[PDB]
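Trainee: Supplied in structure tokens, the structure appears directly below.
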Amino acid sequence: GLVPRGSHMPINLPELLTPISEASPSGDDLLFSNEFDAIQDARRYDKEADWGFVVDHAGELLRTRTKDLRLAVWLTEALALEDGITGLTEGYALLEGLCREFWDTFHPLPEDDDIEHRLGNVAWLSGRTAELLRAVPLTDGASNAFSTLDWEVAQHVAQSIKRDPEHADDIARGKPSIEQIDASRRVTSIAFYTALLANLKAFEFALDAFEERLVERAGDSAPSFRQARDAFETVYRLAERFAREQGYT
Ligand SMILES: [Ca+2]
Ligand SMILES: [Ca+2]
């Protein structure tokens, strides 16, 4: 055929969760490989990250050569950065799948039964997921898209300008205003809000499933998702407020 539209090919969870071989379900540990190094380099930023490269390459290794929790965590982050909330959700579905199907074999394998160290990249992902959720756009209008973090910043700016009206120019410079966000929200479609609230609920479902699988598998050594959950609740409450203001039932 001719090249498919869009930036990456469908990630294909069935294929991602198919064992590499019957003899070695998770394949070998590929940390030392050229392909793994290239992924690590692509994600490095102060150098800008190449998130598209990460999606294609981490996905390629997972589908063909190895089941690796580091790669799955990195693919989750890169999908979130490339695709938004739905990418974060697909990543969490993959993580849950790998813990369900490959607990005994996925790389890195445990050393001295240090399950905590084995899951360190997952523990990092909780904090990272809070950042990613707070960057999800709550508007798409007037040549801009504003996040939860943007709303909080705009609130903080309005407060500081009330306290310090002499420096209002410098306080407001290069930061969102409340009026600006409001105007962007006013010309954001209903369709945008349907999908945001649906996409947020599907994220919550994936987070719950992953956490549940981790209590089963890891017990006392399960990473916390408290940061991620606290963020989700802030984002969803704002999302629902903006939708209702815009006429969403
Ligand atoms: Ca790119
Ligand atoms: Ca811990």
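Here's how to read the names in the structure tokens: chain A, B, ... by the order shown, residue numbers from 1 in each chain, ligand numbers from 1 in the order shown.
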Quick one: residues within 10 Å of residue 77 in chain A, only C-alpha atoms counted, chain neighbours fewer than 3 positions away excluded, as a list in words?

Mentor: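 What passes the distance filter is residues 43, 51, 54, 55, 71, 72, 73, 74, 80, 81, 82, 83, 84, 87, 88, 91, 92, 125, 128, 129 and 132 of chain A.
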
Trainee: Generate a file of the selected residues that holds N, CA and C atoms, formatted as an mmCIF file, in the first residue's frame.

Mentor:
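Okay, this is what ended up in again35.cif:
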```cif
data_model
loop_
_atom_site.group_PDB
_atom_site.id
_atom_site.type_symbol
_atom_site.label_atom_id
_atom_site.label_comp_id
_atom_site.auth_asym_id
_atom_site.auth_seq_id
_atom_site.Cartn_x
_atom_site.Cartn_y
_atom_site.Cartn_z
ATOM 1 N N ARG A 43 15.073 9.804 24.290
ATOM 2 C CA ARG A 43 14.324 10.397 25.359
ATOM 3 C C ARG A 43 15.055 11.436 26.179
ATOM 4 N N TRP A 51 10.156 12.112 20.676
ATOM 5 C CA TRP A 51 9.171 11.216 21.284
ATOM 6 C C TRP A 51 8.629 10.253 20.243
ATOM 7 N N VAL A 54 10.916 7.335 20.033
ATOM 8 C CA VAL A 54 10.671 6.467 21.200
ATOM 9 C C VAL A 54 9.448 5.572 20.985
ATOM 10 N N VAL A 55 8.350 6.132 20.498
ATOM 11 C CA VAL A 55 7.137 5.328 20.287
ATOM 12 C C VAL A 55 7.441 4.184 19.344
ATOM 13 N N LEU A 71 11.093 -0.409 28.936
ATOM 14 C CA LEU A 71 10.548 0.005 27.624
ATOM 15 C C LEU A 71 9.074 0.370 27.676
ATOM 16 N N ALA A 72 8.296 -0.373 28.467
ATOM 17 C CA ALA A 72 6.835 -0.160 28.546
ATOM 18 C C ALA A 72 6.521 1.162 29.231
ATOM 19 N N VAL A 73 7.272 1.491 30.294
ATOM 20 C CA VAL A 73 7.158 2.766 31.000
ATOM 21 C C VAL A 73 7.541 3.890 30.030
ATOM 22 N N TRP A 74 8.608 3.700 29.277
ATOM 23 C CA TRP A 74 9.064 4.778 28.376
ATOM 24 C C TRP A 74 8.086 4.971 27.226
ATOM 25 N N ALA A 80 1.905 9.461 25.668
ATOM 26 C CA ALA A 80 1.238 10.528 26.314
ATOM 27 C C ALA A 80 1.690 11.865 25.691
ATOM 28 N N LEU A 81 2.977 11.978 25.430
ATOM 29 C CA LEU A 81 3.541 13.239 24.884
ATOM 30 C C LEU A 81 3.148 13.446 23.402
ATOM 31 N N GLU A 82 2.978 12.355 22.675
ATOM 32 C CA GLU A 82 2.648 12.390 21.240
ATOM 33 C C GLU A 82 1.158 12.467 21.024
ATOM 34 N N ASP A 83 0.412 11.663 21.757
ATOM 35 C CA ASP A 83 -1.036 11.540 21.536
ATOM 36 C C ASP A 83 -1.923 12.180 22.594
ATOM 37 N N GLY A 84 -1.400 12.542 23.762
ATOM 38 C CA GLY A 84 -2.202 13.028 24.848
ATOM 39 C C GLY A 84 -2.794 11.962 25.767
ATOM 40 N N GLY A 87 -3.089 8.272 24.893
ATOM 41 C CA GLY A 87 -1.790 7.578 24.848
ATOM 42 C C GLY A 87 -1.338 7.111 26.222
ATOM 43 N N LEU A 88 -1.567 7.935 27.209
ATOM 44 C CA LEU A 88 -1.284 7.571 28.584
ATOM 45 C C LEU A 88 -2.135 6.364 28.979
ATOM 46 N N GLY A 91 -0.849 3.124 27.345
ATOM 47 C CA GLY A 91 0.362 2.710 28.086
ATOM 48 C C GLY A 91 0.047 1.981 29.397
ATOM 49 N N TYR A 92 -0.893 2.518 30.173
ATOM 50 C CA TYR A 92 -1.307 1.901 31.418
ATOM 51 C C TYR A 92 -1.971 0.540 31.162
ATOM 52 N N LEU A 125 7.028 6.595 37.208
ATOM 53 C CA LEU A 125 5.841 6.901 36.389
ATOM 54 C C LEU A 125 4.691 7.511 37.131
ATOM 55 N N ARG A 128 5.552 11.248 37.307
ATOM 56 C CA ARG A 128 5.506 11.722 35.899
ATOM 57 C C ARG A 128 4.092 11.819 35.370
ATOM 58 N N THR A 129 3.252 10.854 35.719
ATOM 59 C CA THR A 129 1.853 10.854 35.298
ATOM 60 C C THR A 129 1.061 12.068 35.862
ATOM 61 N N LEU A 132 1.958 14.909 33.533
ATOM 62 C CA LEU A 132 1.309 14.718 32.247
ATOM 63 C C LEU A 132 -0.171 15.014 32.307
#
```

Trainee: Which residues sit within 10 Å of ligand 2, counting only C-alpha atoms and all ligand atoms, listed as a PyMOL selection string?

Mentor: chain A and resi 115-117+119-120+122-123+220-224

Trainee: Next, dump the selected residues to file, keeping only N, CA and C atoms, as an mmCIF file, in the first residue's frame.

Mentor:
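So the final result, stored in out_30.cif, reads:
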```cif
data_model
loop_
_atom_site.group_PDB
_atom_site.id
_atom_site.type_symbol
_atom_site.label_atom_id
_atom_site.label_comp_id
_atom_site.auth_asym_id
_atom_site.auth_seq_id
_atom_site.Cartn_x
_atom_site.Cartn_y
_atom_site.Cartn_z
ATOM 1 N N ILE A 115 11.724 -6.648 44.812
ATOM 2 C CA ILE A 115 10.596 -6.306 43.944
ATOM 3 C C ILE A 115 10.551 -4.769 43.836
ATOM 4 N N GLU A 116 10.822 -4.061 44.934
ATOM 5 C CA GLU A 116 10.828 -2.574 44.864
ATOM 6 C C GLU A 116 11.763 -2.026 43.762
ATOM 7 N N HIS A 117 12.978 -2.563 43.686
ATOM 8 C CA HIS A 117 13.973 -2.084 42.721
ATOM 9 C C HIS A 117 13.536 -2.480 41.308
ATOM 10 N N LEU A 119 10.586 -2.553 40.256
ATOM 11 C CA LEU A 119 9.451 -1.681 39.868
ATOM 12 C C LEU A 119 9.775 -0.203 39.939
ATOM 13 N N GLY A 120 11.056 0.161 40.173
ATOM 14 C CA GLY A 120 11.486 1.556 40.277
ATOM 15 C C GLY A 120 10.996 2.453 39.128
ATOM 16 N N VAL A 122 8.306 2.130 37.430
ATOM 17 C CA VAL A 122 6.871 2.332 37.701
ATOM 18 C C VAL A 122 6.648 3.364 38.783
ATOM 19 N N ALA A 123 7.486 3.384 39.821
ATOM 20 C CA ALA A 123 7.383 4.364 40.873
ATOM 21 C C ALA A 123 7.638 5.784 40.330
ATOM 22 N N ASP A 220 3.084 -5.487 49.392
ATOM 23 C CA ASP A 220 3.799 -4.435 50.140
ATOM 24 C C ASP A 220 4.832 -3.618 49.349
ATOM 25 N N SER A 221 5.332 -4.169 48.260
ATOM 26 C CA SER A 221 6.350 -3.494 47.430
ATOM 27 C C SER A 221 5.736 -2.757 46.247
ATOM 28 N N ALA A 222 4.424 -2.682 46.160
ATOM 29 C CA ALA A 222 3.786 -1.934 45.063
ATOM 30 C C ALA A 222 4.126 -0.435 45.152
ATOM 31 N N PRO A 223 4.482 0.193 43.994
ATOM 32 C CA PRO A 223 4.601 1.674 44.008
ATOM 33 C C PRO A 223 3.261 2.399 44.323
ATOM 34 N N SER A 224 3.355 3.588 44.917
ATOM 35 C CA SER A 224 2.225 4.450 45.145
ATOM 36 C C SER A 224 1.853 5.213 43.838
#
```

Trainee: When you look at range 232-238 of chain A with a cut-off of 12 Å (counting only C-alpha atoms), what residues show up, excluding the ones that are within fewer than 2 positions of it in the same chain? I need them as an MDAnalysis selection string.

Mentor: chainID A and resid 85 126:127 129:139 146:152 185 193 196:205 207:208 225:230 240:245

Trainee: DSSP says helix (DSSP H, G or I) for which residues of range 119-227 of chain A? Put them as an MDAnalysis selection string?

Mentor: chainID A and resid 120:133 148:163 165:172 178:186 190:221 226:227

Trainee: Could you list, as a list in words, all the residues within 9 Å of ligand 1, counting only C-alpha atoms and all ligand atoms?

Mentor: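 Counting only C-alpha atoms and all ligand atoms, the residues within 9 Å of ligand 1 come out as residues 7, 49, 50, 51, 52, 53 and 82 of chain A.
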
Trainee: Pick out the residues sitting within 8 Å of range 14-31 of chain A, and hand them over as number ranges by chain; count only C-alpha atoms, and ignore anything fewer than 3 positions along from it in its own chain.

Mentor: A: 11, 36-37, 59, 62-68, 94, 97-98, 101-102, 105-108

Trainee: Using only C-alpha atoms, pick whichever of A:3, A:183, A:219, A:194 has the shortest atom-to-atom distance to residue 143 in chain A.

Mentor: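 The shortest atom-to-atom distance to residue 143 in chain A comes from A:183.
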
Trainee: List every residue of range 23-244 of chain A that DSSP, applied to the backbone of this structure, places in strand (DSSP E or B), and write the result as an mmCIF file with N, CA, C and O atoms, in the first residue's frame.

Mentor:
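Dumped to result_12.cif:
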```cif
data_model
loop_
_atom_site.group_PDB
_atom_site.id
_atom_site.type_symbol
_atom_site.label_atom_id
_atom_site.label_comp_id
_atom_site.auth_asym_id
_atom_site.auth_seq_id
_atom_site.Cartn_x
_atom_site.Cartn_y
_atom_site.Cartn_z
ATOM 1 N N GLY A 27 11.861 -12.996 25.982
ATOM 2 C CA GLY A 27 13.104 -12.839 25.216
ATOM 3 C C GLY A 27 14.277 -12.588 26.122
ATOM 4 O O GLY A 27 14.228 -12.893 27.295
ATOM 5 N N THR A 66 11.532 -8.577 23.060
ATOM 6 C CA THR A 66 11.698 -8.633 24.486
ATOM 7 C C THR A 66 10.433 -8.085 25.126
ATOM 8 O O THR A 66 9.718 -7.303 24.505
ATOM 9 N N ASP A 68 9.798 -5.935 28.501
ATOM 10 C CA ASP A 68 10.709 -5.126 29.345
ATOM 11 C C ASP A 68 9.898 -4.008 29.950
ATOM 12 O O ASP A 68 9.214 -3.274 29.211
ATOM 13 N N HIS A 107 11.794 -8.273 31.807
ATOM 14 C CA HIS A 107 13.075 -7.649 32.201
ATOM 15 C C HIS A 107 12.826 -6.238 32.757
ATOM 16 O O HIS A 107 11.900 -5.572 32.273
ATOM 17 N N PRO A 137 -4.824 19.405 27.822
ATOM 18 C CA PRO A 137 -5.610 20.614 27.518
ATOM 19 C C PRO A 137 -7.063 20.510 27.941
ATOM 20 O O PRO A 137 -7.693 19.455 27.781
ATOM 21 N N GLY A 141 -9.100 26.499 21.543
ATOM 22 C CA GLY A 141 -9.830 27.619 20.993
ATOM 23 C C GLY A 141 -8.997 28.888 21.023
ATOM 24 O O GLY A 141 -8.127 29.032 21.864
ATOM 25 N N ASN A 144 -5.009 28.817 21.013
ATOM 26 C CA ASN A 144 -4.325 28.304 22.214
ATOM 27 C C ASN A 144 -5.052 27.101 22.802
ATOM 28 O O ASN A 144 -6.150 26.694 22.354
ATOM 29 N N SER A 147 -4.058 24.175 29.952
ATOM 30 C CA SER A 147 -4.110 23.020 30.858
ATOM 31 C C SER A 147 -4.522 23.377 32.270
ATOM 32 O O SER A 147 -4.756 24.510 32.610
#
```

Trainee: Could you tell me how far CA of residue 239 in chain A lies from CA of residue 213 in chain A, in Å and to one decimal?

Mentor: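 We find that CA of residue 239 in chain A and CA of residue 213 in chain A lie 28.0 Å from each other.
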
Trainee: So that I can see what lies close to residue 217 in chain A, please list as a ChimeraX atom specification the residues with an atom at most 9 Å from it, counting only C-alpha atoms and leaving out residues fewer than 3 positions away in the same chain.

Mentor: /A:99-100,103,212-214,222

Trainee: Restricting the calculation to only C-alpha atoms, which member of A:96, A:112, A:90, A:140 is positioned closest to residue 216 in chain A?

Mentor: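 Checking each candidate against residue 216 in chain A, we get A:96 as the closest.
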
Trainee: Please compute the CA of residue 186 in chain A-CA of residue 153 in chain A distance, one decimal, in Å.

Mentor: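 Result for CA of residue 186 in chain A versus CA of residue 153 in chain A: 19.2 Å, one decimal.
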
Trainee: Between A:69, A:154, A:172, A:109, which one has atoms that come closest to residue 95 in chain A, using only C-alpha atoms?

Mentor: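 Smallest distance to residue 95 in chain A is found for A:69.
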